[PDB]
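Note sheet for the following structure.
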Amino acid sequence: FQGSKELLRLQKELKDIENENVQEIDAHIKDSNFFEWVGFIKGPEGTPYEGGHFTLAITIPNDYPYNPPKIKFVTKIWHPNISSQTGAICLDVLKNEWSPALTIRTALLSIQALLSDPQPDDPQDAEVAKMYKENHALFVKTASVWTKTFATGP
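Residue 34 is where the sequence shown starts when you use the working numbering, and the numbers rise one by one after that.
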């Protein structure tokens, strides 16, 4: 328990996440650094991500909550807004929206929203985005293969 304002804040976030719906969104400390978490996002029903369990890497800055976390997927995923090779996502939005009012679970909920509702005009992976636009029925199939291949159970 006792320690800095940042440490108390992180501790609260974790307990709350633990108290919320962890079937949807979860996070815990990776190893021994309170500033490095592993996140879980459930792939949303009725999407090509359905039945997927997606792991992310969350690096929390030392001045949190005054700066945003950095987040990237660990689990490989086929999505126009996520690098099919590195799991990187564009976080420009939360970057300039960030304030002490925001939380990591809400950062994660908004990424899960992206899974539900891909944004092809602001693309992260050129090849996935091309496919999403040019042959969408294939996109769905490719994203489904990758979910059932790379994002399998715990």
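Ideal placement from N, C-alpha and C gives every residue a C-beta, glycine not left out.
- For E51, which of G72, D64, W111 has the nearest alpha-carbon? The count along the sequence shown starts at 1 and reaches residue 51 at position 18. Of the candidates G72, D64, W111, the one whose C-alpha sits nearest the C-alpha of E51 is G72.
- Would you please state the rounded distance, in angstroms, between the beta carbons of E57 and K75? I believe it to be under 8 Å. As a first step, residue 57 must be located in the sequence shown, where it is residue number 24. As a first step, residue 75 must be located in the sequence shown, where it is residue number 42. Contact holds; Cβ gap of about 5 Å.
- Task: In the DSSP assignment, find the alpha helix (DSSP H) that holds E160 and state where it starts and stops.
- Result: Start at 1 with the first residue of the sequence shown, and residue 160 comes out as number 127. From DSSP, the alpha helix (DSSP H) with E160 extends over 159-167.
- Does the Cβ-Cβ distance between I115 and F106 come in under 7 Å? Position 82 of the sequence shown, counting from 1, holds the residue named residue 115. Position 73 of the sequence shown, counting from 1, holds the residue named residue 106. A contact, by the Cβ cut-off of 7 Å.
- Query: Residue range of the beta strand (DSSP E) that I91 falls in?
  - Reply: The residue given as residue 91 occupies position 58 in the sequence shown. Residues 86-92.
- Cβ pair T136, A184 closer than 7 Å: Here residue 136 is taken as the residue at index 103 of the sequence shown, counted from 1. Here residue 184 is taken as the residue at index 151 of the sequence shown, counted from 1. No, these two residues do not count as a Cβ contact at 7 Å.
- Query: Would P153 pass as a contact of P113 if the rule is Cβ separation under 7 Å?
  - Reply: Residue mapping note: residue 153 aligns to position 120 of the sequence shown, counting from 1. Residue mapping note: residue 113 aligns to position 80 of the sequence shown, counting from 1. Yes. Within cutoff.
- List the endpoints of the continuous alpha helix (DSSP H) containing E69. Here residue 69 corresponds to residue number 36 of the sequence shown, with the count starting at 1. Segment 69-75 is the beta strand (DSSP E) holding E69; no alpha helix (DSSP H) there.
- Compare the beta carbon distance of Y82 and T175 with 7 Å and say whether it is the shorter of the two. Here residue 82 refers to the residue found at position 49 when the sequence shown is read from its first residue. Here residue 175 refers to the residue found at position 142 when the sequence shown is read from its first residue. Result no, Cβ atoms of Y82 and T175 do not sit closer than 7 Å.
- Message: Within a Cβ cutoff of 7 Å, which residues of the same chain sit near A162, ignoring the five residues on either side of it in sequence?
- Response: Position 129 of the sequence shown holds residue 162. Cβ within range, chain order: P113, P153, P156.
- Query: On the three-state DSSP scale, how would you describe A184?
  - Reply: The count along the sequence shown starts at 1 and reaches residue 184 at position 151. Reduced to three states, the DSSP call for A184 is coil.
- Message: List, from N- to C-terminal side, the alpha helix (DSSP H) runs of 4 residues or more that fit wholly inside the stretch 95-127.
- Response: none
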